[PDB]
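Using the authors' numbering, read the sequence shown as starting at 2 and increasing by one per residue.
All residues carry an ideal CB built from backbone N, CA and C; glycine is no exception.
Written below as structure tokens is the structure these notes are about.
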Amino acid sequence: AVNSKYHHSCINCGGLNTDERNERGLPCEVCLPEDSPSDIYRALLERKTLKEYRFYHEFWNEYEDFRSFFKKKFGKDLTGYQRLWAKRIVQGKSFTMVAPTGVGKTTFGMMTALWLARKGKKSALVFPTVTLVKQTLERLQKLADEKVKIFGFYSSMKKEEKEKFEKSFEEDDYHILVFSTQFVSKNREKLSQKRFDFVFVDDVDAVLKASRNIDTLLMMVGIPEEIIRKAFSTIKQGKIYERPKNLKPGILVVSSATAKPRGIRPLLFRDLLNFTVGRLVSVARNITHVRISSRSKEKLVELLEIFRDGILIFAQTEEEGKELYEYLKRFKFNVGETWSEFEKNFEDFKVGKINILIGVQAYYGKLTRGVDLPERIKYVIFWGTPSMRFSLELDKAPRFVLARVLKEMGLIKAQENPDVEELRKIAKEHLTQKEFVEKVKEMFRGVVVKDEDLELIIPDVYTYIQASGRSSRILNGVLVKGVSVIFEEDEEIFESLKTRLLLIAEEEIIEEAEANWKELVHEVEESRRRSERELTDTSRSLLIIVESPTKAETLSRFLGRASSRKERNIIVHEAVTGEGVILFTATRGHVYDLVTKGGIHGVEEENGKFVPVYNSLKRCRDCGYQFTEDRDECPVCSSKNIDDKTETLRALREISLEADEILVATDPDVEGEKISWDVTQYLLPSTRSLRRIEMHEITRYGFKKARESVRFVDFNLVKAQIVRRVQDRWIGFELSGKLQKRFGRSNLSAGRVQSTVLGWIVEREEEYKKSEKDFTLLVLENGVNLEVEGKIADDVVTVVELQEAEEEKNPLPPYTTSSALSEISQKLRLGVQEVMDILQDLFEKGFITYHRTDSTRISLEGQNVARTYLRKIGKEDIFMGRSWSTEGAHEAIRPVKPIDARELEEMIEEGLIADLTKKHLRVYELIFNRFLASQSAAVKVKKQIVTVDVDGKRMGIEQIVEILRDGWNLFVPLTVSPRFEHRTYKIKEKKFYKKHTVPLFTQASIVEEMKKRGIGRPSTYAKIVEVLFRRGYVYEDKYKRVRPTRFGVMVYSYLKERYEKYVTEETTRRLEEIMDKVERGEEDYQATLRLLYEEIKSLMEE
Ligand SMILES: [Mg+2]
Ligand SMILES: [Zn+2]
Ligand SMILES: [Zn+2]
């Protein structure tokens, strides 16, 4: 427990409670002075202070009642899906059923309607077919008790029962109504005037067929047509509609959408019932991808004798498809075809007659629209990578082919005017066929350019994935194991396919040699027979919490976001995986922060120790002002459009009641840990199952391996964060006020580091003029220019000493935050804050590792990434794996997927991936190259150290002349210089000036320095630098050099003349070091707090 207080943490009164009490699960001392009570509910009942815990107690009560009921009526207990479902149904939330078929959807609908009818509430069950009405009714009548009133309507209805139904429905007195969609579409107004408390839809597609049915259901749950028309108008407008808080709605449940939920009508559910009708898209796949070096049919047969039953073949075209058809039909295997008898052999294979079914790339990826049974297909064979081909001549080259060329050449920049004839003309005029193929193969990266057949090959990754997925699916709550074998002789196609497969599906392909066959087959058949056995349920619901929406957006992609619930201030997306359901939501920043209300600026002292007092943040969307105070209107713009984080907290606590285990996945640094604890402390009294995972990569591998290393909230990190925060608050406020005494402006001093840095710049403005010394440039004949002392007049250079050596050149270490923020803001004309934004963007999108790092460590994973890229590029021999530094928390900034920037641009042009801007791509190119250089072999060169004589003054200079063997120079350019002899050279033109020995500061220089002098940490640099500009203490110029303004110089001069002991570097580095010692648990928390308080106590009295 970190000794702190939180403003809106109490579970029962909602007021202020401490940290430890919420850590355990107890309300505040106002609600409950008892330290170790027997029961919270009972003890709060006896104190007459039970206010909000009643909701939780009765929640678990009613839920456990539901669970016992379902466990008694049905055979076994609720499953992992029905658990979340039940925990949602006792709250009265409307949602979408995200699950495969056969896990008890209809069953759960019936039992829910039965329980709710048992309580006294009336419900309705809508079905697509009348046969399902009859069946559901059948199952209900023989499981419902006599006290329940069940009625139904269908086409072939009994003579007296058909009118009995009408008479019953007319009475407005029922408990459960069961009918078709036809009934709803026909009896719109008849159903609109009734009011239910529960509605179940076993098929949402039939209902979504008409628009009037949506309004019908919304009128059935308890919403008037006027509010419906209003919301309809608002969503027609384009903006969302706030649901009236005074509205008490019913319960609507829909099965997963099979098609695409187009229309303006579905959004009504999103804005009124707080849920989206998401369609079931399951990326749940357990497929092993293996590739064979050639189209050797002998190997094919050899594998066919191992796989036996459960094989599927995909051939290039129907011609060669018929060729292989004939081949294996003549070798006497169980042959099949889907271009002639696509329906007969389908079911023949389905039963067990045919063992191997052969198809074509497009003939089966489109003509399996029936059922497509994945419990028979265990192995999918690809005879040639699924790809598209384009001829490159005069014509036949598509729009994009000429586009990418000419755009970089010089004709189509004119607002991108598309005209094929024109493309042909330009092709005739400027390019010859040779030059054309050259330029195309030069520009187009990531694809396969065949100059031989004049064909451009693009591996259809989508087709390969959709086809491969037919060997793996969630069958009876168990994800069977698939096997996909590719027969591709050309390494280029296989490599392209492998990269764009690693890009989307995040799946890899192994060579034939590194694959155990009998083992894999055994595992497949084992998964099959394990799926066949009686399903003892294992599915679970899972909750993941992130601090930024971007993260959740990029998680949804490789998780499989189907539906999206909107909970209060936040939006939580749900995805179906193999292990069960996974819920992920965004917090959008911090939740708690120190309040300036009372205490030492923000922290209250009691019993010697220090106690920070926090509160929920509110950011305005209009002006953008953030404040911790519990205001209704903004103190700046006086507008109500604020973003209260206590709403986010309450929402999260509501959601935590649904999930079984909850994981927090914030940033691996101290900030993310502080946030993680700020959340877990709030959720702890609710659900006692909270853990912490640290994702360094936002990918499948990153997520999974972050989960494999799951831990609890380390308190040292949190303590360090609190220490730094408190220091910033105290010192910042003190120096701010002391500056208010002298200049008048309110907010001035931001902290200590800011003062130190501004001091550096100010003193730099002085030590830049005095370091101005005379120099002259000397362009030498048949050599290079040479910079020397001011005034020379001998017009000759005499080489005195010359020696050559063969050194091996090692590359520069991988990008850390210092390296990146420096060299990227240098090579590009970008500010450090902007570069930091780009870095964070690349990280959260899942292209680079965690950017806030100060170590050069590289796991064998990243090394393997480098080696695999080099393997693709054809130059794997120049690879050298370097750990660089064993000690270090995070890996250095490196690309997570072996894909160069050009390949990425291609993937975006094609239409696969990104919302990536140009600067994003360039920065990624920078990191990619620096990293690969840091993972490539050393460069053998030959450098000479020449001591020349210019104007009677000996002067040495070392230079690289020749490159013996090329290594890492393929990524980072290594410059070579003309050789030097042991003779005398003539000076062509002397150029006299006086460039300063100590040049002025740049942003990259500032970062370089506060890294060098040990001031700050990766999560502060760009912030600290930007603070100077934002306050108005610093400006840039022609050379984009950092110069202090009049104001800044005045401020630092004043601070220097008065309070220097609190600004001096020797104290700043000391404090930073001590806090970093707190970060590891090597220095006391409360003690350092006491120190800060002491020096603050000293400073304040001036
Ligand atoms: Mg069903
Ligand atoms: Zn309380
Ligand atoms: Zn505002």
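I need the straight-line Cα distance from residue i to residue j, nearest angstrom please.
| i | j | result |
| --- | --- | --- |
| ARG244 | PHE109 | 28 Å |
| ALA915 | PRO899 | 16 Å |
| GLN1004 | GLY752 | 19 Å |
| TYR7 | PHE713 | 20 Å |
| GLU321 | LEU313 | 15 Å |
| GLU172 | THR629 | 55 Å |
| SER826 | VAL202 | 56 Å |
| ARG1091 | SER1054 | 29 Å |
| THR869 | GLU824 | 26 Å |
| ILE307 | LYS519 | 7 Å |
| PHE71 | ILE12 | 30 Å |
| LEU664 | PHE585 | 10 Å |
| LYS159 | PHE166 | 10 Å |
| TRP86 | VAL522 | 37 Å |
| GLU190 | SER169 | 17 Å |
| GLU963 | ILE874 | 25 Å |
| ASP670 | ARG853 | 8 Å |
| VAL481 | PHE343 | 25 Å |
| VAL942 | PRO815 | 22 Å |
| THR113 | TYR175 | 16 Å |
| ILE511 | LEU504 | 16 Å |
Please tell me whether, using a cut-off of 8 Å, the distance from the CB of residue i to the nearest non-hydrogen atom of ligand 3 is below it.
| i | result |
| --- | --- |
| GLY625 | yes |
| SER640 | yes |
| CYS621 | yes |
So does residue i have its beta carbon nearer than 8 Å to some heavy atom of ligand 1?
| i | result |
| --- | --- |
| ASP146 | no |
| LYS135 | no |
| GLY110 | yes |
| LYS1024 | no |
| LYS106 | yes |
| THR102 | yes |
Check whether the Cβ of residue i lies closer than 8 Å to any heavy atom of ligand 2, and answer yes or no.
| i | result |
| --- | --- |
| residue 1 | This structure cannot settle anything about residue 1, because the visible part of the chain is limited to 2 through 1103. |
| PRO28 | yes |
| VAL31 | yes |
| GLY889 | no |
| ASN13 | yes |
Assuming residue i and residue j make a contact with CB atoms under 8 Å, what is their CB distance in whole Å?
| i | j | result |
| --- | --- | --- |
| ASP198 | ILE252 | 6 Å |
| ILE359 | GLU338 | 7 Å |
| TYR615 | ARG654 | The Cβ separation is near 17 Å, so there is no contact. |
| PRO262 | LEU219 | Not confirmed; about 15 Å, so no contact. |
| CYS32 | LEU17 | About 11 Å separates the two Cβ atoms, so there is no contact after all. |
| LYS619 | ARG632 | 7 Å |
| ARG566 | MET908 | Between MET908 and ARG566 the Cβ distance is about 32 Å, and since that is not below 8 Å, they are no contact. |
- Message: Tell me whether the segment 1070-1085 and the segment 713-724 touch, counting them as touching only if at least three CB pairs, one residue from each stretch, are closer than 8 Å.
- Response: yes
- Message: Check whether the segment 102-117 and the segment 669-678 are in contact - that is, three or more C-beta pairs closer than 8 Å.
- Response: no
- Message: Is it the case that the segment 537-545 contacts the segment 577-588, given that we only count it when at least three CB pairs across the two stretches are under 8 Å?
- Response: yes
- Going along the chain, which unbroken runs of the alpha helix (DSSP H) with 4 or more residues stay wholly within the segment 439-470? 462-469
- Could you pull out every unbroken beta strand (DSSP E) segment of at least 3 residues lying fully inside the segment 64-108, listed in chain order? 96-98
- Stretch-stretch touch, CB-based, cutoff 8 Å, three pairs: the segment 1024-1034 with the segment 1046-1060: yes
- With a cut-off of 8 Å, do at least 3 Cβ pairs link the segment 827-839 to the segment 972-979? no
- Task: Kindly confirm or deny that the segment 485-499 and the segment 434-445 touch, where touching means at least three C-beta pairs closer than 8 Å.
- Result: no
- Message: Tell me whether the segment 271-278 and the segment 479-495 touch, counting them as touching only if at least three CB pairs, one residue from each stretch, are closer than 8 Å.
- Response: no
- Specify whether the segment 730-742 and the segment 698-713 touch according to this definition: at least 3 beta carbon pairs, one from each stretch, less than 8 Å apart. no
- Query: Okay, do the segment 953-970 and the segment 991-1004 touch, 3+ Cβ pairs below 8 Å being the bar?
  - Reply: no
- Runs of beta strand (DSSP E) wholly within the segment 515-599 (minimum 3 residues, chain order): 541-547, 562-568, 571-577, 581-587 and 593-595
- Output the residue ranges of the beta strand (DSSP E) runs that lie fully inside the segment 145-185 and measure 3 residues or longer, sorted by chain position. 151-154 and 177-181
- Is it true that the segment 60-70 meets the segment 33-44, where meeting means three or more beta-carbon pairs spaced less than 8 Å apart? no
- Item | Within the segment 1013-1084, ranges of the alpha helix (DSSP H) (whole runs, at least 4 residues) | 1022-1032, 1047-1059 and 1066-1079
- the segment 385-396 / the segment 456-472 touching (three or more Cβ pairs under 8 Å): yes
- Query: Can you find at least 3 beta carbon pairs, one from the segment 686-696 and one from the segment 659-673, that sit closer than 8 Å?
  - Reply: yes
- Query: Taking the runs of the alpha helix (DSSP H) that are 4 residues or longer, which of them lie wholly in the segment 264-348?
  - Reply: 268-273, 298-308 and 319-331
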